[PDB]
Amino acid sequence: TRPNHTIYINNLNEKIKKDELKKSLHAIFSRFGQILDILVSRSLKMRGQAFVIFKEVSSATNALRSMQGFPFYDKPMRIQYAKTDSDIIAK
């Protein structure tokens, strides 16, 4: 809701495989700043969702609302801030 190092993306094409998605997401979000990591899981609870962990918050914000709705594998991205800090960031 409130800014954070890590952006929460959902409404993602659930049929892309974990590895292709990460690299696709990397290509289009790396222009915004350094990506620490992208978490992807094809869980029931976690499919269609990604967490991109930026090094700097400013990179996250700039990415969040400039890529909002970006068409990606034929579905518009919905991007919001993660409600908690990612583990790597709060350690």
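The numbering used is simple: start at 1 and walk along the sequence shown. Rigid core here is just the name for the largest C-alpha set that superposes within 1.5 Å across the two forms.
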Next on the checklist: Please tell me which region, 79-87 or 17-25, has C-alphas lying farther from the displayed form on average in 8 other deposited structures of this protein, with superposition done on the core.
Outcome noted: 79-87
Checklist entry - Do you reckon 38-46 or 59-67 strays further from the shown form in 8 other deposited structures of this protein, measuring C-alpha RMS after a core fit? => result 38-46
Next on the checklist: On mean Cα temperature factor in this entry, is 42-50 or 62-70 the higher one?
Outcome noted: 62-70
Item to check | Modelled-residue ranking by C-alpha temperature factor, third containing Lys15 | outcome: lowest
Checklist outcome for this item: Split the chain's modelled residues into thirds by Cα B-factor; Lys23 lands in the highest
